[PDB]
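K.L.:
This is the structure, below, for whatever I ask next.
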Amino acid sequence: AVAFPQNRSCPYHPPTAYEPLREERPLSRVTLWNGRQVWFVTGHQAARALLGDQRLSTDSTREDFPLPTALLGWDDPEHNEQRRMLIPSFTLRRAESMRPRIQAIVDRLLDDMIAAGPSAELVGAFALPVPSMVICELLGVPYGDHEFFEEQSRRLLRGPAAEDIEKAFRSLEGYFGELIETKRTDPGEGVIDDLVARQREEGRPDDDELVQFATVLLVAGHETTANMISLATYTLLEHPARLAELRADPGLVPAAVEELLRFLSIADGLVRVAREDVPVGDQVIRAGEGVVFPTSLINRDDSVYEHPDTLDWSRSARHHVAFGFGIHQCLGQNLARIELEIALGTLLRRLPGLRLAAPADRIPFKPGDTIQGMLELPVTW
Ligand code: HEM
């Protein structure tokens, strides 16, 4: 009987206690804090089929939803209508168009970090601000508000008190309300403009719903990307031969981003409840049963990935579930991939001497029940 969720022992490996469940495919079981048993999807093929099944729910308002302690929560057709409105802002072409803006953001934060001193706390100096500044550009927040937006987005993650997190949420919701007005009578480019055009053309996203979309995109897009920058950098520094390959051939960085997404799987333990019976081979997930998708184990299914517990830039990470799959699959994945390519590739290019400025086991990382990644990352160069 294995308790879920558990803390990682090593920032870049799945929790040690899950290792015996990896052989039990496609479905195993884990126990939540209150003794409730839930299904634990260990099979890659099964995880992909299940994450496409409308009989699983993300609606945390259901009495039967598993407590391990808007888009998400929404079942279709509401959910489908929300996604339809946002998908066009998140195409591959729209991500590729953002490259020069992302490069400028990354370059400015590295210039400032290098100027300030010979060492840095990389999470606060780089990993945290890159994605909130990209989301700033994505939403079309005007230049003069960039500092305000970065400051409030940081407060929403770093707090420290629950009061700071709440005041930041209210400040951003209030700001998004004002900006929708500003952009109606002074249209620019970005997701808010895209959704203002949709509202005039279709009446579809009302102002309250547009504000919720902006808040969701920031929350979905900020910490995940920041933790991938921080944990990827720590993982690379702890694998000198793998890091050396990327320094030698910058052309490897896009494939390395996929392999790091697979190997790190920071959005770990996706949760669903079955609304109706769902069969998986000769097993049946009954209506009301919890279903947990341990991203990190699914991405290490050795039926799909040879030597799955090793970092390998040459062994295909294609079809990984780091961005989820099916109904709720990450809307930002095209944008996230380019942010990571530019952030990690530019860091590696500019700072070839980059190294940890503390022993690896004194560097704090997130506990098991949240998005995985580094809290701090002291580096020198
Ligand atoms: C490396 C960075 C990221 C990772 C690892 C990641 C991972 C994920 C995962 C696993 C989900 C599905 C959750 C589930 O099925 O329960 C998801 C959903 C989502 N992501 Fe991402 N994400 C990243 C970056 C972004 C960015 C940059 C944005 C927006 C700018 C974004 C917006 C979203 C949205 C809006 C959803 C919900 C889609 C829906 O519910 O229909 N994410 N993300």
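Ordering of the structure tokens sets the chain letters (A, B, ...), residue numbers begin anew at 1 in every chain, and ligands are numbered from 1 in the order given.
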Within 9 Å of range 269-284 of chain A, which residues of range 290-352 of chain A show up? Give each one with its shortest atom-to-atom distance in Å (one decimal) and the two atoms involved, counting only C-alpha atoms, rows by chain then rising residue number, as CSV.

P.N.:
residue,atom,partner,partner_atom,distance
A:290,CA,A:273,CA,4.5
A:291,CA,A:272,CA,5.1
A:292,CA,A:271,CA,4.7
A:293,CA,A:270,CA,5.0
A:294,CA,A:269,CA,4.3
A:295,CA,A:269,CA,5.9
A:296,CA,A:269,CA,8.0
A:324,CA,A:270,CA,8.2

K.L.:
Can those selected residues be exported to a file as a CSV table (one decimal), in the first residue's frame so that it contains N, CA, C and O atoms?

P.N.:
chain,number,residue,atom,x,y,z
A,290,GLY,N,-11.6,7.5,-7.9
A,290,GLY,CA,-10.5,8.5,-8.2
A,290,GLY,C,-9.5,7.8,-9.2
A,290,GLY,O,-9.3,6.6,-9.1
A,291,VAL,N,-8.9,8.7,-10.0
A,291,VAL,CA,-7.9,8.3,-11.0
A,291,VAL,C,-6.8,9.3,-11.0
A,291,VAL,O,-7.1,10.5,-11.2
A,292,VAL,N,-5.6,8.9,-10.6
A,292,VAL,CA,-4.3,9.7,-10.6
A,292,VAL,C,-3.4,9.2,-11.7
A,292,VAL,O,-3.2,8.0,-12.0
A,293,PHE,N,-2.9,10.2,-12.4
A,293,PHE,CA,-1.9,10.0,-13.6
A,293,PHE,C,-0.6,10.5,-13.1
A,293,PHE,O,-0.4,11.7,-13.1
A,294,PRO,N,0.3,9.6,-12.7
A,294,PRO,CA,1.6,10.1,-12.3
A,294,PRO,C,2.5,10.3,-13.5
A,294,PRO,O,3.1,9.3,-14.0
A,295,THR,N,2.4,11.5,-14.0
A,295,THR,CA,3.2,12.0,-15.2
A,295,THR,C,4.6,11.5,-15.2
A,295,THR,O,5.0,10.9,-16.3
A,296,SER,N,5.3,11.6,-14.1
A,296,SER,CA,6.7,11.2,-14.0
A,296,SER,C,6.9,9.6,-14.3
A,296,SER,O,7.8,9.3,-15.0
A,324,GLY,N,0.3,17.0,-20.3
A,324,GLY,CA,-0.9,16.3,-20.3
A,324,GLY,C,-1.3,15.7,-21.7
A,324,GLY,O,-0.4,15.6,-22.6

K.L.:
Would you name the residues within 7 Å of ligand 1, counting only C-alpha atoms and all ligand atoms, and put them as a VMD selection string?

P.N.:
chain A and resid 71 to 72 79 83 135 216 to 218 220 to 222 224 to 225 228 261 265 to 267 270 to 271 322 to 325 327 to 333 335 to 337

K.L.:
Keeping N, CA, C and O atoms for every residue in the selection just given, could you write it to a file as a short mmCIF file (atom, residue, chain, number, x, y, z; two decimals), in the first residue's frame?

P.N.:
data_model
loop_
_atom_site.label_atom_id
_atom_site.label_comp_id
_atom_site.auth_asym_id
_atom_site.auth_seq_id
_atom_site.Cartn_x
_atom_site.Cartn_y
_atom_site.Cartn_z
N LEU A 71 -11.35 26.90 -17.29
CA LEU A 71 -10.93 25.74 -18.12
C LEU A 71 -10.95 24.47 -17.27
O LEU A 71 -11.75 23.59 -17.55
N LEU A 72 -10.00 24.37 -16.33
CA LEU A 72 -9.85 23.20 -15.42
C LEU A 72 -11.04 23.21 -14.45
O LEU A 72 -11.50 24.32 -14.08
N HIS A 79 -16.38 23.60 -20.94
CA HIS A 79 -14.92 23.47 -21.16
C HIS A 79 -14.56 23.62 -22.64
O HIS A 79 -13.70 24.39 -22.93
N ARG A 83 -12.09 26.49 -24.37
CA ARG A 83 -10.88 26.17 -25.16
C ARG A 83 -10.98 26.74 -26.58
O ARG A 83 -10.01 27.35 -27.04
N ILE A 135 4.31 36.12 -20.53
CA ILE A 135 2.82 36.16 -20.40
C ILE A 135 2.35 37.61 -20.55
O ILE A 135 1.31 37.87 -21.21
N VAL A 216 -6.31 32.78 -15.39
CA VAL A 216 -5.98 31.35 -15.61
C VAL A 216 -4.67 31.24 -16.39
O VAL A 216 -3.85 30.38 -16.05
N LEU A 217 -4.50 31.99 -17.47
CA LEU A 217 -3.31 31.86 -18.34
C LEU A 217 -2.06 32.20 -17.53
O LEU A 217 -1.04 31.49 -17.68
N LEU A 218 -2.13 33.24 -16.71
CA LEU A 218 -0.96 33.61 -15.86
C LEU A 218 -0.66 32.49 -14.87
O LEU A 218 0.51 32.01 -14.78
N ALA A 220 -1.58 29.24 -14.96
CA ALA A 220 -1.22 27.99 -15.66
C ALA A 220 0.21 28.10 -16.22
O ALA A 220 0.87 27.07 -16.36
N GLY A 221 0.61 29.32 -16.60
CA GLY A 221 1.78 29.57 -17.45
C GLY A 221 3.02 29.98 -16.66
O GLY A 221 4.12 30.01 -17.28
N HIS A 222 2.89 30.41 -15.42
CA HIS A 222 3.99 31.10 -14.70
C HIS A 222 4.84 30.06 -13.98
O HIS A 222 5.98 29.82 -14.37
N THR A 224 4.83 26.70 -13.71
CA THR A 224 5.25 25.52 -14.49
C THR A 224 6.51 25.86 -15.30
O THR A 224 7.50 25.12 -15.27
N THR A 225 6.45 26.92 -16.08
CA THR A 225 7.60 27.35 -16.92
C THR A 225 8.81 27.69 -16.04
O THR A 225 9.88 27.23 -16.36
N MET A 228 10.42 24.55 -14.65
CA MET A 228 11.12 23.84 -15.72
C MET A 228 12.47 24.53 -15.95
O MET A 228 13.46 23.83 -16.11
N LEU A 261 11.57 17.81 -20.42
CA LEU A 261 10.12 17.78 -20.07
C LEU A 261 9.77 16.34 -19.67
O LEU A 261 9.08 16.14 -18.62
N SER A 265 9.09 15.84 -15.65
CA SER A 265 7.62 15.65 -15.48
C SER A 265 7.14 16.44 -14.24
O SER A 265 6.63 15.82 -13.31
N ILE A 266 7.28 17.75 -14.23
CA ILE A 266 7.05 18.56 -13.01
C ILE A 266 5.56 18.72 -12.72
O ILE A 266 5.25 19.01 -11.57
N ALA A 267 4.69 18.61 -13.71
CA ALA A 267 3.24 18.69 -13.46
C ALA A 267 2.77 17.28 -13.18
O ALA A 267 2.28 16.63 -14.14
N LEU A 270 -1.71 14.25 -12.05
CA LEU A 270 -2.99 14.81 -12.53
C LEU A 270 -4.11 13.98 -11.89
O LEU A 270 -3.96 12.76 -11.82
N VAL A 271 -5.17 14.64 -11.50
CA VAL A 271 -6.29 13.99 -10.77
C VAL A 271 -7.59 14.09 -11.55
O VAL A 271 -7.89 15.17 -12.11
N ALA A 322 4.12 15.28 -20.49
CA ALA A 322 4.48 16.36 -19.54
C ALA A 322 3.50 17.52 -19.62
O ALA A 322 3.41 18.28 -18.68
N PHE A 323 2.90 17.71 -20.78
CA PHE A 323 1.90 18.76 -21.03
C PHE A 323 0.49 18.18 -20.93
O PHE A 323 -0.44 18.76 -21.47
N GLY A 324 0.34 17.04 -20.30
CA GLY A 324 -0.95 16.30 -20.33
C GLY A 324 -1.25 15.74 -21.72
O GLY A 324 -0.37 15.59 -22.61
N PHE A 325 -2.53 15.45 -21.97
CA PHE A 325 -2.96 14.81 -23.23
C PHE A 325 -4.47 14.92 -23.29
O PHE A 325 -5.11 14.94 -22.21
N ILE A 327 -8.21 15.88 -23.37
CA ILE A 327 -9.27 16.91 -23.16
C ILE A 327 -8.67 18.21 -22.62
O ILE A 327 -9.00 19.29 -23.16
N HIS A 328 -7.78 18.11 -21.63
CA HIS A 328 -7.22 19.29 -20.92
C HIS A 328 -5.77 19.53 -21.32
O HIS A 328 -5.06 20.21 -20.57
N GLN A 329 -5.33 19.00 -22.45
CA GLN A 329 -3.89 19.11 -22.84
C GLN A 329 -3.47 20.58 -22.84
O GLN A 329 -4.23 21.48 -23.30
N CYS A 330 -2.29 20.84 -22.28
CA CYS A 330 -1.75 22.21 -22.08
C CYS A 330 -1.98 23.07 -23.33
O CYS A 330 -1.52 22.69 -24.42
N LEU A 331 -2.62 24.21 -23.17
CA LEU A 331 -2.85 25.16 -24.28
C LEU A 331 -1.55 25.89 -24.60
O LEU A 331 -1.37 26.30 -25.73
N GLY A 332 -0.68 26.04 -23.61
CA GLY A 332 0.52 26.88 -23.77
C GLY A 332 1.74 26.12 -24.24
O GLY A 332 2.84 26.74 -24.23
N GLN A 333 1.61 24.85 -24.63
CA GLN A 333 2.81 23.99 -24.77
C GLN A 333 3.70 24.52 -25.89
O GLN A 333 4.94 24.34 -25.78
N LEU A 335 4.21 27.64 -26.77
CA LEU A 335 4.86 28.83 -26.20
C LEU A 335 5.88 28.37 -25.17
O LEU A 335 7.02 28.84 -25.23
N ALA A 336 5.49 27.43 -24.31
CA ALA A 336 6.38 26.93 -23.24
C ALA A 336 7.66 26.33 -23.83
O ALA A 336 8.76 26.61 -23.31
N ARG A 337 7.56 25.53 -24.89
CA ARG A 337 8.73 24.90 -25.53
C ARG A 337 9.72 25.96 -25.99
O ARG A 337 10.92 25.75 -25.84
#

K.L.:
Which residues come within 7 Å of range 186-190 of chain A, counting only C-alpha atoms, excluding same-chain residues fewer than 3 positions away, as JSON, numbers by chain?

P.N.:
{"A": [138, 139, 140, 182, 183, 193, 194]}

K.L.:
From a DSSP calculation on the backbone, collect every residue of range 89-307 of chain A in strand (DSSP E or B) and output the set as a list in words.

P.N.:
residues 119, 120, 121, 270, 271, 272, 273, 274, 278, 279, 280, 283, 284, 285, 290, 291, 292 and 293 of chain A

K.L.:
Taking into account only C-alpha atoms, which residue in the set A:165, A:288, A:360, A:352 is nearest to residue 63 in chain A?

P.N.:
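Looking at the shortest contact to residue 63 in chain A, the residue is A:288.
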
K.L.:
Show which residues sit within 10 Å of residue 137 in chain A, as a count of residues only. Count only C-alpha atoms, and ignore same-chain residues fewer than 3 positions away.

P.N.:
16

K.L.:
Which residues are close to residue 59 in chain A, i.e. within 6 Å by only C-alpha atoms, leaving aside same-chain residues fewer than 2 positions away? Reply as a VMD selection string.

P.N.:
chain A and resid 57 61 to 62 73 to 74

K.L.:
Can you measure CA of residue 214 in chain A to CA of residue 198 in chain A for me? One decimal in Å is fine.

P.N.:
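Separation of CA of residue 214 in chain A and CA of residue 198 in chain A: 14.5 Å.
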
K.L.:
Quick one: residues within 10 Å of residue 37 in chain A, only C-alpha atoms, excluding same-chain residues fewer than 6 positions away - as JSON, numbers by chain?

P.N.:
{"A": [1, 2, 3, 4, 29, 30, 31, 66, 289, 290, 291]}
